[PDB]
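So this first bit is one chain, no partners, the form deposited in one PDB entry, shown in structure tokens.
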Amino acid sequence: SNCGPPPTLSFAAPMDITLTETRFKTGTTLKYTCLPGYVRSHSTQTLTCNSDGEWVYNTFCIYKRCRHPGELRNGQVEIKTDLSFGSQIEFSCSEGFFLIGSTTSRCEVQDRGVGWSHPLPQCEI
């Protein structure tokens, strides 16, 4: 009926970093908060130990998204999937131009939010 230690979530972490007594009375509820790169998408950010001795929870976080970085002068900013954490955008230059810098950038953890890994390249000539 009782739980062992909770499973680790890829999207959130426990709020108290307490002793984590390896055993928990049935009915215990543990509070979580979103990891960097994630934002809350549900009202209940808990894990609860049910009568079967198992931890129950929803995926209560989703990816943060980066702001669109704007236009590339004489080139193109291409979205491949979206601007969410982990996603990549691609850069190219128009016919009469050379691309100097990176052809890609990725939404990554930055500060306490999310930002682009690489600066926009330049299209020159």
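One rule holds for the numbers: they count along the sequence shown, beginning at 1.
Not on display, but discussed next: the form deposited in another entry.
Item to check | Residue marking the hinge between the shown form and the other one [rigid parts; choose from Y63, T104, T22, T44] | outcome: Where the rigid parts turn against each other between the shown form and the other one, we find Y63.
Item to check | Distance trend in the other form - C-alpha atoms of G86 and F11, change of 3 Å or more | outcome: So the answer is farther.
Checklist entry - Closer or farther: how do the Cα atoms of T59 and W116 compare in the other form relative to this form, given a change of at least 3 Å? => result Those two alpha carbons end up closer in the other form.
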